[PDB]
>>> print(open('my_file-v4.pdb').read())   # PDB, C-alpha atoms and all ligand atoms
ATOM      1  CA  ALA E   6      15.326 -23.171   0.186  1.00  0.00           C
ATOM      2  CA  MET E   7      13.763 -19.831  -0.812  1.00  0.00           C
ATOM      3  CA  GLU E   8      10.528 -21.459  -1.951  1.00  0.00           C
ATOM      4  CA  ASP E   9      10.046 -22.941   1.541  1.00  0.00           C
ATOM      5  CA  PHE E  10      11.018 -19.637   3.157  1.00  0.00           C
ATOM      6  CA  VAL E  11       8.281 -17.809   1.193  1.00  0.00           C
ATOM      7  CA  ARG E  12       5.703 -20.367   2.291  1.00  0.00           C
ATOM      8  CA  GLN E  13       6.624 -19.872   5.990  1.00  0.00           C
ATOM      9  CA  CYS E  14       7.189 -16.058   5.942  1.00  0.00           C
ATOM     10  CA  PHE E  15       3.959 -14.907   4.260  1.00  0.00           C
ATOM     11  CA  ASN E  16       0.377 -15.612   5.140  1.00  0.00           C
ATOM     12  CA  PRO E  17      -1.472 -18.195   3.031  1.00  0.00           C
ATOM     13  CA  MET E  18      -3.657 -15.630   1.222  1.00  0.00           C
ATOM     14  CA  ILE E  19      -0.536 -13.753   0.054  1.00  0.00           C
ATOM     15  CA  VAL E  20       1.260 -16.895  -1.092  1.00  0.00           C
ATOM     16  CA  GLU E  21      -1.856 -17.995  -3.038  1.00  0.00           C
ATOM     17  CA  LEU E  22      -2.188 -14.612  -4.780  1.00  0.00           C
ATOM     18  CA  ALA E  23       1.540 -14.613  -5.619  1.00  0.00           C
ATOM     19  CA  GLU E  24       1.340 -18.098  -7.149  1.00  0.00           C
ATOM     20  CA  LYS E  25      -1.725 -17.048  -9.206  1.00  0.00           C
ATOM     21  CA  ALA E  26      -0.036 -13.836 -10.376  1.00  0.00           C
ATOM     22  CA  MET E  27       3.043 -15.770 -11.457  1.00  0.00           C
ATOM     23  CA  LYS E  28       1.110 -18.274 -13.578  1.00  0.00           C
ATOM     24  CA  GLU E  29      -1.137 -15.538 -15.093  1.00  0.00           C
ATOM     25  CA  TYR E  30       2.160 -13.911 -16.144  1.00  0.00           C
ATOM     26  CA  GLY E  31       3.891 -17.162 -17.242  1.00  0.00           C
ATOM     27  CA  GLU E  32       6.282 -17.899 -14.323  1.00  0.00           C
ATOM     28  CA  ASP E  33       7.043 -20.882 -12.056  1.00  0.00           C
ATOM     29  CA  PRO E  34       7.423 -20.148  -8.293  1.00  0.00           C
ATOM     30  CA  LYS E  35       9.464 -23.346  -7.911  1.00  0.00           C
ATOM     31  CA  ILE E  36      12.178 -22.008 -10.264  1.00  0.00           C
ATOM     32  CA  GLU E  37      11.987 -18.234  -9.933  1.00  0.00           C
ATOM     33  CA  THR E  38      12.044 -18.359  -6.152  1.00  0.00           C
ATOM     34  CA  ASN E  39      13.494 -14.880  -5.654  1.00  0.00           C
ATOM     35  CA  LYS E  40      10.796 -13.434  -7.909  1.00  0.00           C
ATOM     36  CA  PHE E  41       8.191 -15.442  -5.900  1.00  0.00           C
ATOM     37  CA  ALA E  42       9.566 -13.851  -2.704  1.00  0.00           C
ATOM     38  CA  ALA E  43       9.552 -10.364  -4.268  1.00  0.00           C
ATOM     39  CA  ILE E  44       5.947 -10.729  -5.459  1.00  0.00           C
ATOM     40  CA  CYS E  45       4.806 -11.800  -1.981  1.00  0.00           C
ATOM     41  CA  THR E  46       6.670  -8.922  -0.352  1.00  0.00           C
ATOM     42  CA  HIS E  47       5.203  -6.384  -2.787  1.00  0.00           C
ATOM     43  CA  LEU E  48       1.723  -7.812  -2.343  1.00  0.00           C
ATOM     44  CA  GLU E  49       2.042  -7.563   1.438  1.00  0.00           C
ATOM     45  CA  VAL E  50       3.207  -3.942   1.283  1.00  0.00           C
ATOM     46  CA  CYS E  51       0.265  -3.059  -0.959  1.00  0.00           C
ATOM     47  CA  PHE E  52      -2.179  -4.690   1.476  1.00  0.00           C
ATOM     48  CA  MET E  53      -0.549  -3.000   4.481  1.00  0.00           C
ATOM     49  CA  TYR E  54      -0.550   0.354   2.689  1.00  0.00           C
ATOM     50  CA  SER E  55      -4.223  -0.060   1.957  1.00  0.00           C
ATOM     51  CA  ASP E  56      -5.147  -1.348   5.436  1.00  0.00           C
ATOM     52  CA  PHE E  57      -3.616   1.840   6.892  1.00  0.00           C
ATOM     53  CA  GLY E  58      -6.682   3.807   5.693  1.00  0.00           C
ATOM     54  CA  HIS E  59     -11.695   3.232   3.310  1.00  0.00           C
ATOM     55  CA  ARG E  60      -9.114   5.597   1.839  1.00  0.00           C
ATOM     56  CA  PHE E  61      -7.592   3.118  -0.614  1.00  0.00           C
ATOM     57  CA  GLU E  62      -8.784   0.787  -3.335  1.00  0.00           C
ATOM     58  CA  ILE E  63      -6.423  -2.158  -3.709  1.00  0.00           C
ATOM     59  CA  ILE E  64      -5.724  -2.910  -7.344  1.00  0.00           C
ATOM     60  CA  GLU E  65      -2.715  -5.174  -6.910  1.00  0.00           C
ATOM     61  CA  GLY E  66      -3.649  -8.797  -6.118  1.00  0.00           C
ATOM     62  CA  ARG E  67      -6.691  -8.848  -8.390  1.00  0.00           C
ATOM     63  CA  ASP E  68      -6.664 -10.864 -11.614  1.00  0.00           C
ATOM     64  CA  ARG E  69      -6.018  -8.718 -14.684  1.00  0.00           C
ATOM     65  CA  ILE E  70      -9.651  -8.323 -15.757  1.00  0.00           C
ATOM     66  CA  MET E  71     -10.866  -7.362 -12.306  1.00  0.00           C
ATOM     67  CA  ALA E  72      -7.964  -4.969 -11.861  1.00  0.00           C
ATOM     68  CA  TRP E  73      -8.857  -3.125 -15.064  1.00  0.00           C
ATOM     69  CA  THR E  74     -12.549  -3.261 -14.238  1.00  0.00           C
ATOM     70  CA  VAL E  75     -11.798  -1.483 -10.953  1.00  0.00           C
ATOM     71  CA  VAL E  76      -9.461   1.025 -12.604  1.00  0.00           C
ATOM     72  CA  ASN E  77     -12.086   1.706 -15.279  1.00  0.00           C
ATOM     73  CA  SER E  78     -14.796   2.149 -12.684  1.00  0.00           C
ATOM     74  CA  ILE E  79     -12.677   4.628 -10.767  1.00  0.00           C
ATOM     75  CA  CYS E  80     -11.780   6.571 -13.908  1.00  0.00           C
ATOM     76  CA  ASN E  81     -15.458   6.664 -14.925  1.00  0.00           C
ATOM     77  CA  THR E  82     -16.555   8.078 -11.566  1.00  0.00           C
ATOM     78  CA  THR E  83     -13.685  10.547 -11.016  1.00  0.00           C
ATOM     79  CA  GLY E  84     -12.492  11.559 -14.458  1.00  0.00           C
ATOM     80  CA  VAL E  85      -8.930  10.794 -13.311  1.00  0.00           C
ATOM     81  CA  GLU E  86      -6.978   9.868 -16.441  1.00  0.00           C
ATOM     82  CA  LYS E  87      -6.742   6.116 -17.198  1.00  0.00           C
ATOM     83  CA  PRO E  88      -3.198   4.924 -16.544  1.00  0.00           C
ATOM     84  CA  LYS E  89      -1.192   3.219 -19.288  1.00  0.00           C
ATOM     85  CA  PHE E  90      -0.113   0.490 -16.850  1.00  0.00           C
ATOM     86  CA  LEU E  91      -1.987  -1.145 -13.954  1.00  0.00           C
ATOM     87  CA  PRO E  92      -1.156   0.690 -10.731  1.00  0.00           C
ATOM     88  CA  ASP E  93      -1.250  -0.810  -7.237  1.00  0.00           C
ATOM     89  CA  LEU E  94      -3.775   1.355  -5.361  1.00  0.00           C
ATOM     90  CA  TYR E  95      -6.176   4.269  -5.762  1.00  0.00           C
ATOM     91  CA  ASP E  96      -6.165   6.986  -3.134  1.00  0.00           C
ATOM     92  CA  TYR E  97      -9.758   8.248  -2.709  1.00  0.00           C
ATOM     93  CA  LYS E  98      -8.564  11.130  -0.531  1.00  0.00           C
ATOM     94  CA  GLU E  99      -5.996  12.564  -2.963  1.00  0.00           C
ATOM     95  CA  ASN E 100      -7.840  11.116  -5.980  1.00  0.00           C
ATOM     96  CA  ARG E 101      -4.791   9.606  -7.585  1.00  0.00           C
ATOM     97  CA  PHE E 102      -3.505   6.170  -8.478  1.00  0.00           C
ATOM     98  CA  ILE E 103      -0.426   4.941  -6.638  1.00  0.00           C
ATOM     99  CA  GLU E 104       2.456   2.806  -7.882  1.00  0.00           C
ATOM    100  CA  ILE E 105       4.172   0.987  -5.023  1.00  0.00           C
ATOM    101  CA  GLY E 106       7.791  -0.030  -5.446  1.00  0.00           C
ATOM    102  CA  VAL E 107       9.810  -2.369  -3.223  1.00  0.00           C
ATOM    103  CA  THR E 108      13.531  -2.492  -3.995  1.00  0.00           C
ATOM    104  CA  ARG E 109      16.686  -4.208  -2.762  1.00  0.00           C
ATOM    105  CA  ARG E 110      18.609  -1.375  -4.429  1.00  0.00           C
ATOM    106  CA  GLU E 111      18.779   2.347  -3.587  1.00  0.00           C
ATOM    107  CA  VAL E 112      15.309   3.943  -3.528  1.00  0.00           C
ATOM    108  CA  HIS E 113      16.307   6.875  -5.800  1.00  0.00           C
ATOM    109  CA  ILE E 114      17.534   4.366  -8.398  1.00  0.00           C
ATOM    110  CA  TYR E 115      14.337   2.343  -8.359  1.00  0.00           C
ATOM    111  CA  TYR E 116      12.209   5.527  -8.225  1.00  0.00           C
ATOM    112  CA  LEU E 117      13.844   6.723 -11.455  1.00  0.00           C
ATOM    113  CA  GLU E 118      13.349   3.340 -13.077  1.00  0.00           C
ATOM    114  CA  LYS E 119       9.660   3.337 -12.106  1.00  0.00           C
ATOM    115  CA  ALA E 120       8.971   6.964 -12.995  1.00  0.00           C
ATOM    116  CA  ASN E 121      10.687   6.455 -16.358  1.00  0.00           C
ATOM    117  CA  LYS E 122       8.741   3.248 -16.971  1.00  0.00           C
ATOM    118  CA  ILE E 123       5.201   4.379 -16.140  1.00  0.00           C
ATOM    119  CA  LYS E 124       4.830   8.078 -17.061  1.00  0.00           C
ATOM    120  CA  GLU E 126       2.700  11.702 -14.510  1.00  0.00           C
ATOM    121  CA  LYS E 127      -0.627  11.461 -12.634  1.00  0.00           C
ATOM    122  CA  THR E 128       0.292   8.135 -10.962  1.00  0.00           C
ATOM    123  CA  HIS E 129       1.901   8.808  -7.599  1.00  0.00           C
ATOM    124  CA  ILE E 130       4.995   6.700  -6.949  1.00  0.00           C
ATOM    125  CA  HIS E 131       6.042   5.444  -3.528  1.00  0.00           C
ATOM    126  CA  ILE E 132       9.225   3.405  -3.153  1.00  0.00           C
ATOM    127  CA  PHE E 133      10.299   1.422  -0.097  1.00  0.00           C
ATOM    128  CA  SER E 134      13.618  -0.287   0.539  1.00  0.00           C
ATOM    129  CA  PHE E 135      14.551  -3.075   2.936  1.00  0.00           C
ATOM    130  CA  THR E 136      16.715  -0.427   4.676  1.00  0.00           C
ATOM    131  CA  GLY E 137      13.893   1.815   5.968  1.00  0.00           C
ATOM    132  CA  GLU E 138      14.309   4.247   3.123  1.00  0.00           C
ATOM    133  CA  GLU E 139      11.498   5.629   1.025  1.00  0.00           C
ATOM    134  CA  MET E 140      11.082   8.012  -1.870  1.00  0.00           C
ATOM    135  CA  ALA E 141       7.763   9.316  -3.173  1.00  0.00           C
ATOM    136  CA  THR E 142       6.580  11.697  -5.881  1.00  0.00           C
ATOM    137  CA  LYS E 143       7.004  15.300  -4.651  1.00  0.00           C
ATOM    138  CA  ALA E 144       8.261  13.827  -1.386  1.00  0.00           C
ATOM    139  CA  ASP E 145       4.580  13.306  -0.602  1.00  0.00           C
ATOM    140  CA  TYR E 146       4.607  10.056   1.391  1.00  0.00           C
ATOM    141  CA  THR E 147       0.755   9.887   1.526  1.00  0.00           C
ATOM    142  CA  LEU E 148       0.523   7.872   4.776  1.00  0.00           C
ATOM    143  CA  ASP E 149       1.255   9.036   8.327  1.00  0.00           C
ATOM    144  CA  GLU E 150       4.602   8.224   9.969  1.00  0.00           C
ATOM    145  CA  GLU E 151       3.324   5.210  11.898  1.00  0.00           C
ATOM    146  CA  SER E 152       1.911   3.520   8.809  1.00  0.00           C
ATOM    147  CA  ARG E 153       5.140   3.945   6.902  1.00  0.00           C
ATOM    148  CA  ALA E 154       7.151   2.800   9.949  1.00  0.00           C
ATOM    149  CA  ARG E 155       5.121  -0.445  10.130  1.00  0.00           C
ATOM    150  CA  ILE E 156       5.729  -1.100   6.425  1.00  0.00           C
ATOM    151  CA  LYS E 157       9.438  -0.345   6.850  1.00  0.00           C
ATOM    152  CA  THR E 158       9.590  -2.688   9.863  1.00  0.00           C
ATOM    153  CA  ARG E 159       7.940  -5.553   8.013  1.00  0.00           C
ATOM    154  CA  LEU E 160      10.266  -5.189   4.995  1.00  0.00           C
ATOM    155  CA  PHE E 161      13.333  -5.071   7.255  1.00  0.00           C
ATOM    156  CA  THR E 162      12.037  -8.095   9.146  1.00  0.00           C
ATOM    157  CA  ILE E 163      11.622 -10.080   5.896  1.00  0.00           C
ATOM    158  CA  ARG E 164      15.195  -9.148   4.979  1.00  0.00           C
ATOM    159  CA  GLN E 165      16.524 -10.324   8.351  1.00  0.00           C
ATOM    160  CA  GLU E 166      14.512 -13.562   8.244  1.00  0.00           C
ATOM    161  CA  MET E 167      16.106 -14.180   4.841  1.00  0.00           C
ATOM    162  CA  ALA E 168      19.501 -13.235   6.283  1.00  0.00           C
ATOM    163  CA  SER E 169      18.852 -15.749   9.079  1.00  0.00           C
ATOM    164  CA  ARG E 170      18.595 -18.488   6.448  1.00  0.00           C
ATOM    165  CA  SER E 171      21.431 -17.140   4.250  1.00  0.00           C
ATOM    166  CA  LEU E 172      18.910 -16.316   1.473  1.00  0.00           C
ATOM    167  CA  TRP E 173      19.241 -12.501   1.561  1.00  0.00           C
ATOM    168  CA  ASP E 174      22.357 -12.105  -0.540  1.00  0.00           C
ATOM    169  CA  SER E 175      20.825 -14.127  -3.409  1.00  0.00           C
ATOM    170  CA  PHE E 176      17.524 -12.268  -3.150  1.00  0.00           C
ATOM    171  CA  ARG E 177      19.314  -8.907  -3.097  1.00  0.00           C
ATOM    172  CA  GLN E 178      21.346  -9.648  -6.243  1.00  0.00           C
ATOM    173  CA  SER E 179      18.269 -11.010  -8.137  1.00  0.00           C
ATOM    174  CA  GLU E 180      16.695  -7.587  -8.877  1.00  0.00           C
TER     175      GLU E 180
HETATM  176  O1  LIG S 201       6.752  -3.898  -9.952  1.00  0.00           O
HETATM  177  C1  LIG S 201       5.789  -3.526  -9.249  1.00  0.00           C
HETATM  178  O2  LIG S 201       5.979  -2.806  -8.254  1.00  0.00           O
HETATM  179  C2  LIG S 201       4.440  -3.902  -9.685  1.00  0.00           C
HETATM  180  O3  LIG S 201       3.377  -3.296  -9.190  1.00  0.00           O
HETATM  181  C3  LIG S 201       4.343  -4.853 -10.631  1.00  0.00           C
HETATM  182  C4  LIG S 201       3.088  -5.417 -11.183  1.00  0.00           C
HETATM  183  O4  LIG S 201       1.993  -4.881 -11.015  1.00  0.00           O
HETATM  184  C5  LIG S 201       3.214  -6.737 -11.927  1.00  0.00           C
HETATM  185  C6  LIG S 201       3.346  -7.778 -10.805  1.00  0.00           C
HETATM  186  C7  LIG S 201       3.863  -9.117 -11.275  1.00  0.00           C
HETATM  187  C8  LIG S 201       5.233  -9.315 -11.466  1.00  0.00           C
HETATM  188  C9  LIG S 201       5.704 -10.549 -11.903  1.00  0.00           C
HETATM  189  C10 LIG S 201       4.805 -11.584 -12.136  1.00  0.00           C
HETATM  190 CL1  LIG S 201       5.394 -13.182 -12.685  1.00  0.00          CL
HETATM  191  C11 LIG S 201       3.440 -11.390 -11.939  1.00  0.00           C
HETATM  192  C12 LIG S 201       2.963 -10.155 -11.508  1.00  0.00           C
HETATM  193  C13 LIG S 201       4.400  -6.725 -12.896  1.00  0.00           C
HETATM  194  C14 LIG S 201       4.245  -5.603 -13.912  1.00  0.00           C
HETATM  195  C15 LIG S 201       3.062  -5.929 -14.811  1.00  0.00           C
HETATM  196  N1  LIG S 201       1.874  -6.262 -14.001  1.00  0.00           N
HETATM  197  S1  LIG S 201       0.494  -5.831 -14.518  1.00  0.00           S
HETATM  198  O5  LIG S 201       0.643  -4.732 -15.426  1.00  0.00           O
HETATM  199  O6  LIG S 201      -0.335  -5.383 -13.436  1.00  0.00           O
HETATM  200  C16 LIG S 201      -0.279  -7.084 -15.322  1.00  0.00           C
HETATM  201  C17 LIG S 201      -0.664  -8.217 -14.392  1.00  0.00           C
HETATM  202  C18 LIG S 201      -1.797  -8.125 -13.580  1.00  0.00           C
HETATM  203  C19 LIG S 201      -2.143  -9.174 -12.729  1.00  0.00           C
HETATM  204  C20 LIG S 201      -1.350 -10.319 -12.684  1.00  0.00           C
HETATM  205  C21 LIG S 201      -0.218 -10.416 -13.496  1.00  0.00           C
HETATM  206  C22 LIG S 201       0.117  -9.368 -14.352  1.00  0.00           C
HETATM  207  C23 LIG S 201       1.961  -7.035 -12.752  1.00  0.00           C
HETATM  208 MN    MN S 202       1.389  -3.618  -9.453  1.00  0.00          MN
HETATM  209 MN    MN S 203       4.140  -1.897  -7.633  1.00  0.00          MN
END
>>> encode(input="my_file-v4.pdb", output="structure tokens")
Amino acid sequence: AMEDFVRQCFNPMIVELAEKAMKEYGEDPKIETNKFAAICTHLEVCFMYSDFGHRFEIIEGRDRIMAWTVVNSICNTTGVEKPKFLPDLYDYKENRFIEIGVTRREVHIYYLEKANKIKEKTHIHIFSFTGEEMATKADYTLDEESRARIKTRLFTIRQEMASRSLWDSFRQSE
């Protein structure tokens, strides 16, 4: 059962935030179990990305109002243009917002989908469960070790799902 997998694979904080995000956005984690797993995974990557730095402000994982309050605050103190859509992080070193993508498909495919969706100051960084990444301008932002740890965690999630015969379902759900 994917729902039970998610509850054993991710730390309690992450699972809580994923459940809250789903309800805030209408969804039931008991039904949309692949989505529930994807949201946890994406949350964890965002937190790991941010912990590898206080270089980053984490925007993902906050309730909508707080997320926009933070984004507004950053825009007001940097003059960086306000994004049309909530991004995932702000990079205080490069002074740009970052959109983090996690895909079960090819990274170039998901990159295009994201870049098309969001539109040009927001830096995009895409990770696969295959150790692939693609980023705006091939600027991967983090050092090699930080990206390697993210890649390892994603691949580990995939294999833990594969252990329980849940990977194939999860992969086709995107
Ligand atoms: O696709 C991403 O890489 C990504 O960063 C997605 C997001 O930020 C989502 C996350 C989300 C998805 C589904 C659900 Cl049910 C809830 C939240 C989905 C896109 C829209 N937004 S959102 O624009 O940030 C609005 C939001 C904020 C907080 C909680 C719920 C909703 C939240
Ligand atoms: Mn997001
Ligand atoms: Mn994202």
>>> axis_aligned_box(input="my_file-v4.pdb", around="ligand LIG 201 (chain S)", padding_each_side="5 Å", output="JSON")
{"center_x": 2.3, "center_y": -8.0, "center_z": -11.8, "size_x": 18.9, "size_y": 20.4, "size_z": 17.2}
>>> resolve_selection(input="my_file-v4.pdb", expression="the PyMOL selection byres (((chain E and resi 16-31) around 10) and not hetatm)", output="mmCIF file with C-alpha atoms, in the frame of the given file")
data_model
loop_
_atom_site.group_PDB
_atom_site.id
_atom_site.type_symbol
_atom_site.label_atom_id
_atom_site.label_comp_id
_atom_site.auth_asym_id
_atom_site.auth_seq_id
_atom_site.Cartn_x
_atom_site.Cartn_y
_atom_site.Cartn_z
ATOM 1 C CA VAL E 11 8.281 -17.809 1.193
ATOM 2 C CA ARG E 12 5.703 -20.367 2.291
ATOM 3 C CA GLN E 13 6.624 -19.872 5.990
ATOM 4 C CA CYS E 14 7.189 -16.058 5.942
ATOM 5 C CA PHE E 15 3.959 -14.907 4.260
ATOM 6 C CA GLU E 32 6.282 -17.899 -14.323
ATOM 7 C CA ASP E 33 7.043 -20.882 -12.056
ATOM 8 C CA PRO E 34 7.423 -20.148 -8.293
ATOM 9 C CA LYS E 35 9.464 -23.346 -7.911
ATOM 10 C CA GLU E 37 11.987 -18.234 -9.933
ATOM 11 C CA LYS E 40 10.796 -13.434 -7.909
ATOM 12 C CA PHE E 41 8.191 -15.442 -5.900
ATOM 13 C CA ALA E 42 9.566 -13.851 -2.704
ATOM 14 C CA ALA E 43 9.552 -10.364 -4.268
ATOM 15 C CA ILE E 44 5.947 -10.729 -5.459
ATOM 16 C CA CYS E 45 4.806 -11.800 -1.981
ATOM 17 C CA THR E 46 6.670 -8.922 -0.352
ATOM 18 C CA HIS E 47 5.203 -6.384 -2.787
ATOM 19 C CA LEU E 48 1.723 -7.812 -2.343
ATOM 20 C CA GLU E 49 2.042 -7.563 1.438
ATOM 21 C CA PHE E 52 -2.179 -4.690 1.476
ATOM 22 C CA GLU E 65 -2.715 -5.174 -6.910
ATOM 23 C CA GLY E 66 -3.649 -8.797 -6.118
ATOM 24 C CA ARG E 67 -6.691 -8.848 -8.390
ATOM 25 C CA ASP E 68 -6.664 -10.864 -11.614
ATOM 26 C CA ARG E 69 -6.018 -8.718 -14.684
#
>>> residues_near_ligand(input="my_file-v4.pdb", ligand="ligand MN 203 (chain S)", cutoff="8 Å", atoms="all atoms listed in the file", output="list in words")
residues 47, 51, 65, 92, 93, 104, 105, 106 and 107 of chain E
>>> closest_residue(input="my_file-v4.pdb", among="E:117, E:160, E:36, E:123", to="ligand MN 202 (chain S)", atoms="only C-alpha atoms and all ligand atoms")
E:123
>>> atom_distance(input="my_file-v4.pdb", atom1="atom CA of residue 57 of chain E", atom2="atom CA of residue 155 of chain E")
9.6 Å
>>> residues_around(input="my_file-v4.pdb", residues="residue 62 of chain E", least_positions_apart="2", cutoff="9 Å", atoms="all atoms listed in the file", output="list in words")
residues 55, 59, 60, 64, 75, 93, 94, 95, 96 and 97 of chain E
>>> write_last_selection(input="my_file-v4.pdb", atoms="C-alpha atoms", output="compact mmCIF listing (two decimals), keeping the file's coordinate frame")
# COMPACT_ATOMS: atom_id res chain seq x y z
CA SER E 55 -4.22 -0.06 1.96
CA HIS E 59 -11.70 3.23 3.31
CA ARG E 60 -9.11 5.60 1.84
CA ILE E 64 -5.72 -2.91 -7.34
CA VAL E 75 -11.80 -1.48 -10.95
CA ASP E 93 -1.25 -0.81 -7.24
CA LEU E 94 -3.78 1.36 -5.36
CA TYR E 95 -6.18 4.27 -5.76
CA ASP E 96 -6.16 6.99 -3.13
CA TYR E 97 -9.76 8.25 -2.71
>>> closest_residue(input="my_file-v4.pdb", among="E:39, E:178, E:82, E:128", to="ligand MN 202 (chain S)", atoms="all atoms listed in the file")
E:128
>>> resolve_selection(input="my_file-v4.pdb", expression="the PyMOL selection byres (((chain E and resi 124) around 12) and not hetatm)", output="MDAnalysis selection string")
chainID E and resid 86:92 104 116:123 126:130 142
>>> closest_residue(input="my_file-v4.pdb", among="E:103, E:56, E:6, E:179", to="ligand LIG 201 (chain S)", atoms="all atoms listed in the file")
E:103
>>> atom_distance(input="my_file-v4.pdb", atom1="atom CL1 of ligand LIG 201 (chain S)", atom2="atom CA of residue 71 of chain E")
17.3 Å
>>> closest_residue(input="my_file-v4.pdb", among="E:72, E:8, E:53, E:115", to="ligand MN 202 (chain S)", atoms="all atoms listed in the file")
E:72
>>> atom_distance(input="my_file-v4.pdb", atom1="atom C23 of ligand LIG 201 (chain S)", atom2="atom CA of residue 159 of chain E")
21.7 Å
>>> resolve_selection(input="my_file-v4.pdb", expression="the PyMOL selection byres (((chain E and resi 109) around 10) and not hetatm)", output="PyMOL selection string")
chain E and resi 43+107-108+110-112+115+133-136+164+173-174+176-180
>>> residues_around(input="my_file-v4.pdb", residues="residue 147 of chain E", least_positions_apart="6", cutoff="9 Å", atoms="all atoms listed in the file", output="tab-separated table (two decimals) with C-alpha atoms, keeping the file's coordinate frame")
chain	number	residue	atom	x	y	z
E	96	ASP	CA	-6.16	6.99	-3.13
E	99	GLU	CA	-6.00	12.56	-2.96
E	131	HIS	CA	6.04	5.44	-3.53
E	141	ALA	CA	7.76	9.32	-3.17
>>> closest_residue(input="my_file-v4.pdb", among="E:61, E:73, E:146, E:161", to="ligand LIG 201 (chain S)", atoms="all atoms listed in the file")
E:73
>>> closest_residue(input="my_file-v4.pdb", among="E:7, E:50, E:38, E:98", to="ligand MN 202 (chain S)", atoms="all atoms listed in the file")
E:50
>>> residues_around(input="my_file-v4.pdb", residues="residue 148 of chain E", least_positions_apart="4", cutoff="9 Å", atoms="all atoms listed in the file", output="JSON, numbers by chain")
{"E": [54, 57, 58, 152, 153]}
>>> decode(input="my_file-v4.pdb", residues="segment 28-66 of chain E", atoms="C-alpha atoms", output="PDB file, in the first residue's frame")
ATOM      1  CA  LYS E  28      -5.981  19.400   1.849  1.00  0.00           C
ATOM      2  CA  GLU E  29      -5.166  23.118   1.271  1.00  0.00           C
ATOM      3  CA  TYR E  30      -5.234  22.191  -2.439  1.00  0.00           C
ATOM      4  CA  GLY E  31      -8.321  19.910  -2.233  1.00  0.00           C
ATOM      5  CA  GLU E  32      -6.799  16.381  -2.354  1.00  0.00           C
ATOM      6  CA  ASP E  33      -7.061  13.183  -0.275  1.00  0.00           C
ATOM      7  CA  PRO E  34      -3.762  11.361   0.525  1.00  0.00           C
ATOM      8  CA  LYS E  35      -5.717   8.133   1.067  1.00  0.00           C
ATOM      9  CA  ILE E  36      -6.908   8.131  -2.577  1.00  0.00           C
ATOM     10  CA  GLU E  37      -4.216  10.000  -4.487  1.00  0.00           C
ATOM     11  CA  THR E  38      -1.424   7.959  -2.953  1.00  0.00           C
ATOM     12  CA  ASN E  39       1.049   8.456  -5.798  1.00  0.00           C
ATOM     13  CA  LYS E  40       0.518  12.215  -5.604  1.00  0.00           C
ATOM     14  CA  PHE E  41       1.006  11.978  -1.788  1.00  0.00           C
ATOM     15  CA  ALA E  42       4.329  10.190  -2.417  1.00  0.00           C
ATOM     16  CA  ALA E  43       5.377  12.763  -5.041  1.00  0.00           C
ATOM     17  CA  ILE E  44       4.579  15.692  -2.732  1.00  0.00           C
ATOM     18  CA  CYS E  45       6.648  14.159   0.082  1.00  0.00           C
ATOM     19  CA  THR E  46       9.557  13.484  -2.261  1.00  0.00           C
ATOM     20  CA  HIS E  47       9.472  17.033  -3.647  1.00  0.00           C
ATOM     21  CA  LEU E  48       9.224  18.500  -0.163  1.00  0.00           C
ATOM     22  CA  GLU E  49      12.232  16.466   0.968  1.00  0.00           C
ATOM     23  CA  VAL E  50      14.326  17.566  -2.014  1.00  0.00           C
ATOM     24  CA  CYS E  51      13.466  21.204  -1.315  1.00  0.00           C
ATOM     25  CA  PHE E  52      14.506  20.828   2.337  1.00  0.00           C
ATOM     26  CA  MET E  53      17.722  19.010   1.393  1.00  0.00           C
ATOM     27  CA  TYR E  54      18.510  21.624  -1.254  1.00  0.00           C
ATOM     28  CA  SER E  55      18.037  24.340   1.315  1.00  0.00           C
ATOM     29  CA  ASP E  56      19.946  22.547   4.100  1.00  0.00           C
ATOM     30  CA  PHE E  57      22.954  22.348   1.746  1.00  0.00           C
ATOM     31  CA  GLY E  58      23.595  26.085   2.322  1.00  0.00           C
ATOM     32  CA  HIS E  59      21.889  30.496   5.284  1.00  0.00           C
ATOM     33  CA  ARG E  60      22.041  30.653   1.493  1.00  0.00           C
ATOM     34  CA  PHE E  61      18.439  29.602   0.862  1.00  0.00           C
ATOM     35  CA  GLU E  62      14.986  30.646   1.977  1.00  0.00           C
ATOM     36  CA  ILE E  63      12.587  27.712   1.844  1.00  0.00           C
ATOM     37  CA  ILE E  64       9.272  28.711   0.335  1.00  0.00           C
ATOM     38  CA  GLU E  65       7.863  25.255  -0.333  1.00  0.00           C
ATOM     39  CA  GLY E  66       6.230  23.667   2.738  1.00  0.00           C
TER      40      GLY E  66
END
